[PDB]
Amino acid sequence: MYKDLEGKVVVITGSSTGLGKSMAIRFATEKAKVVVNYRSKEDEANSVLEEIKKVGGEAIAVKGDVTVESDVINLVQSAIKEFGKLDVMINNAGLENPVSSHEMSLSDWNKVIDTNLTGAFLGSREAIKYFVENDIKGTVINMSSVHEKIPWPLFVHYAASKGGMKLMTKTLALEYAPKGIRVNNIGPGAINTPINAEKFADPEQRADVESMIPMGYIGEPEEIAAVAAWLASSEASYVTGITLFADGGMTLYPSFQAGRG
């Protein structure tokens, strides 16, 4: 679909599952040279790699924890070592867990902030460092959430991490725009993934979330991979520092449908 993506090197953190996996497969289909990432489970990457082989794509799997500076540095270097360059950096790794704010431990708060936000900073910093030092107009895509805008009770750490990612991305975008380096966020709504498999398999919980989505359905990973592929391409040549929400309308305030209030 996107011809300019051919031969482009794409690194995606936490890409052995969910959205990250869907993005690695989509990029492989666009003839991009993908670098899949797994925290510790090298077995999880096997599946994505097989899917990538199935479409005649090229990719390697690199172990790396986004909260570990050396792992992030090594992840970017691995891409350059294997493919000779880096074009797109996608900070997709993330985690969440429901706890009432006044009962949330520092440990829980720090883990989410560290992975979701600090992890994205490290990945962004490394990709941009390479782009600057070698005069490459590469791009950085950060996997945010509708929650960088929609507050999230029980998930204050996640909301904060994403709200912070928003400003980080915008700052990075304004800072490196003169060098032609684009930095954007993708803001997914509810998307059928492993972290949601059990919750959404239950008709009661599935219907509840669906009632919060104006378009009436829970998105598929393909719908988000489509956003990333487009944002990375030259089609989005004049697009930077934005958050492209792919959420079925969640950010439109579903409680206000039918003229309520």
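One rule holds for the numbers: they count along the sequence shown, beginning at 1.
Stretch comparison (99-107 versus 142-150) by mean CA B-factor in the PDB entry places 99-107 on top. As the entry records it, the average C-alpha temperature factor is higher for 43-51, out of 214-222 and 43-51.
Residue-level inspection of the entry shows that, of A201, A229, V62, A236, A201 has the top Cα B-factor.
Of the candidates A79, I128, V112, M165, it is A79 whose Cα B-factor is highest according to the PDB record.
In the deposited entry, the Cα temperature factor of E175 places it in the lowest third of its chain's modelled residues. Among the modelled residues of its chain, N116 has a C-alpha B-factor that falls in the middle third, as given in the PDB entry.
Ranked by C-alpha B-factor against the other modelled residues of its chain, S16 falls in the highest third. The PDB entry assigns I25 a C-alpha temperature factor belonging to the middle third of its chain's modelled residues. Annotation for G84: CA B-factor lies in the highest third of the chain's modelled residues.
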